[PDB]
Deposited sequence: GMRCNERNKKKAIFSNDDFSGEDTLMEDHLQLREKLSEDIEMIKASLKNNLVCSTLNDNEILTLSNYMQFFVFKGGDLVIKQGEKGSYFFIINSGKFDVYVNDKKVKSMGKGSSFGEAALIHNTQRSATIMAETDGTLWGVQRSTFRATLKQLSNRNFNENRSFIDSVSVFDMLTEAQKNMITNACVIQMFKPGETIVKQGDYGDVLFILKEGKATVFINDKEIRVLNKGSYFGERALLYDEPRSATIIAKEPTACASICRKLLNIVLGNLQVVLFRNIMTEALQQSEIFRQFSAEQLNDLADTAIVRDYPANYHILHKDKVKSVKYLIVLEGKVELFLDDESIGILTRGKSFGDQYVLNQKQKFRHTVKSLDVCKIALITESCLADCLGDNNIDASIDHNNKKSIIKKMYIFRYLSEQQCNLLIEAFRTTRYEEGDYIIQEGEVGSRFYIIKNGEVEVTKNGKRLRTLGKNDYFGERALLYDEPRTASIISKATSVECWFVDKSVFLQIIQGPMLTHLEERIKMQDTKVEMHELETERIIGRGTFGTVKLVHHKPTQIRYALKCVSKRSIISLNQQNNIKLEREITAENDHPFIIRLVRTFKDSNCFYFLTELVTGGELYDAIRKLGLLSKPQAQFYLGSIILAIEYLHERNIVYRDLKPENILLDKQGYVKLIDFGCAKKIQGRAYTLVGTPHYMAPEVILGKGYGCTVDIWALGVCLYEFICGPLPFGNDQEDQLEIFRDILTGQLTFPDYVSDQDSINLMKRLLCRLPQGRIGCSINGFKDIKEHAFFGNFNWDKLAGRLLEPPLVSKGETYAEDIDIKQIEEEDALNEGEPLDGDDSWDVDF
């Protein structure tokens, strides 16, 4: 009887409030009177008041029946809060500080805070008689609101995808109008649209049927998926029919007024997408900015031609795009090809404005053409010298991709571009030699070069690649050779001397200090700690000193056990990702991280001007110029993150530091997330939290713009706008959701107010900065009318507060 000599291990054991309710739970059929009472009760709830009948009915069916005897415990003070309760029968007594206060019966509600967030209870509800409770947990409640709003969104998106007039909207644009869909119920007999009405609404049947009439005579019936009113979004046209609902039926609907707010003029937007797609097939226009291309689209002459028409024959047309049909191109008598839908022609003439248009173009069928004239281009470029502007703008788009140049003012960036000189090299010429001290930066005009180090080759570089930019900031040996490996290579270049006549001290200091940070590979043992400069509860923030180079850093220490206990294993690596990739002047720059069996580490630049929380407190109520500066700065950082699909989620003055020059640095990305669709989790600081996070029906990047509203309000008015005196979170969220926004009598600037109201608009679609234009609407708001956004990023503005000496918050390797 041989025995296994293996070893086999045992299974181990795993709310408290959720255990008690499980004892009282029973099944019950949901009568008419039950459904209507719950339905009435929820419409007085903080969260559920905005919900329509269909959504509340779904919630109702997820409620569970609970049965209690007299003198039985329901909820206790200081326990973790999970359930919300509607009393169905009997009486229930409320003990606060173990001393009776209230008495509740049928219709009454309690524990509404548990739905919003896991929260410590206030009272101890006790059962007097043999009474009963309808109840639901947080998890179930939040999950249910997620699925209702999420399915609503996805279904409406599919319907957007099957309406032909939206076919040429971009991904982002379709997602934005999906949110403008309003669901609209119809009973039998209700006319959905009437013949001859000048309606402006598109309808899409979700489920149901509807009869179509023309001049009171039935024509057909419409089934689930059918739609009507496309043309009503583009033009003022009477309805071609009377459509009447046969059975109970549900429509997803979009109105032109909301579309125009969210999207702008739909024709204008569609055409820009079409033109931008066409123009970007050319290597010339692919180097234009989106704004330039949109202006070409807005100003293009569009013409319909019959077949066999000579559209061009050797005005001042430089470029031609086929919108519809087909044309044939000819050089003298030789056809050179046929252009179909979306193809275009004219690169040669766009590049040489003085050149005689030699080709001819002949329609093969009835066609629609867009034409770009010379003056159309010049308006777009702001300059009659087309060839020079195009060249200038080619150089501009190369350097605006590099950290060193992309934040310089426009005037500085232009001067620098104009200072470029050109040299030609023979093959085998050493453009740069490893070990020598450089004074030049290079952009490749023509041909190819080879990057080498001590003989061994590293890579190859070609047209419009750049190299040697460090020579502009430091005097140091070149760490590689750049060898001309083609016939007659041409480079653009700029001398360090010219660069220093253009860039002014503060930006130069910022750049000098910043680019150095990657040079120095830091090891933990090379760091000594000077002092503590912060204390996050999670761990510590030590001010550290790198002995070899004497550069000073901040080291954030983050205990393993604090991460493990809260189930933040998933979240800490997502933070490291976001933190590592951030490369903006007003956002903290990570240097590297370190691993350890006891605690994680973030090594970041040291910021020496203290928190913004304390700066506004030194300044008092900020004037317009001071609020422009700080809000401006925050706007650029936030906009940078939204461009990368990152919602910050915790914007507040505490999370912004000031550097030595008085310019801001956003820190603390613990709440930040890469936004893949709609977010639902409840994260952030209550006073700064947007109502859509609280209401649990989906949010996006828009939440950070609401927070921006809160910040401007504190800056200009002083107190927070909602729940300024409140400790109790429930009451904070109540003021956020339903409180009145007011402004004190000492706020004398109508534009500041206008701006604060529109940033603090409760519905995201009404909120400035949340439409198709994004932050442009904010930046161009009259509040910023006198404010030079250009000089902000380029450190050319006198900031509100420059710290005398250093100031810290003192008295106040894969991660797995």
query: Stretches of the record's deposited sequence for which the structure holds no C-alpha atoms; finding: 7-8, 17-19, 320-322, 821-840, 845-847
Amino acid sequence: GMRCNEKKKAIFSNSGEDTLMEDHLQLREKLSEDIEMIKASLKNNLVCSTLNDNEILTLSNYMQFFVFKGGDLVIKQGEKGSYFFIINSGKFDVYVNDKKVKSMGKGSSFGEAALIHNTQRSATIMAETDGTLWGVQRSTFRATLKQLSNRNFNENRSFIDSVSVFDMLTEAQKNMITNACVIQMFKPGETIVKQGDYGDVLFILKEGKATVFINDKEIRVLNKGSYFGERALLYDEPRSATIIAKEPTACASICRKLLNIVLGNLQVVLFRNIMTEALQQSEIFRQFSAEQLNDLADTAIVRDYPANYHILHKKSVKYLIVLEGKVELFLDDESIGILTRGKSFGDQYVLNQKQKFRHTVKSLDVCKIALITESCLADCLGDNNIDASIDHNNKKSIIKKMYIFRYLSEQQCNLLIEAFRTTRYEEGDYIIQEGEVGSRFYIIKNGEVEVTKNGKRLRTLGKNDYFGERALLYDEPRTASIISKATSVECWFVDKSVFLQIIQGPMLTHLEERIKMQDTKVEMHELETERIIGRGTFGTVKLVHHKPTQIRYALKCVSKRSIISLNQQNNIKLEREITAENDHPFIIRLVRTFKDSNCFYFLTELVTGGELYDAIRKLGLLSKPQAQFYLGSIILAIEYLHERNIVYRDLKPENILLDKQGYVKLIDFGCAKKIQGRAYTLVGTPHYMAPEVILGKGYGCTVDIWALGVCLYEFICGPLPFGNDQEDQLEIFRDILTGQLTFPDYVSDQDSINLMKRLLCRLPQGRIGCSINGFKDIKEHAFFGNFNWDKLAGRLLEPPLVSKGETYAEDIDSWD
From here on, numbers count along this sequence of modelled residues.
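Definition used throughout: the rigid core is the maximal C-alpha set that superposes within 1.5 Å between two forms.
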item	value
Segment of greater CA departure in 5 other deposited structures of this protein, 647-655 or 525-533, core superposed	525-533
RMS Cα shift after core superposition in 5 other deposited structures of this protein, winner of 606-614 and 166-174	606-614
Other PDB entries, at least a third, lacking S597	yes
Other entries modelling both neighbours but not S13, at least a third	yes
Entry-level comparison of average CA B-factors, 700-708 and 145-153, reporting the higher stretch	145-153
Of 216-224 and 229-237, the stretch whose C-alpha atoms average the higher B-factor in the entry	216-224
Peak C-alpha temperature factor (PDB record), options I398, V94, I369, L377	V94
Among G189, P719, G632, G342 - the residue whose C-alpha B-factor is largest in the record	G189
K356 - Cα temperature factor, lowest/middle/highest third of chain	middle
Within-chain third of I564 by Cα B-factor, per the entry	highest
Third assignment of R649 from its chain's C-alpha B-factors	lowest
Record-listed C-alpha B factor of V802: chain third	middle
Position of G536 among the chain's modelled residues by C-alpha B-factor, lowest, middle or highest third	highest
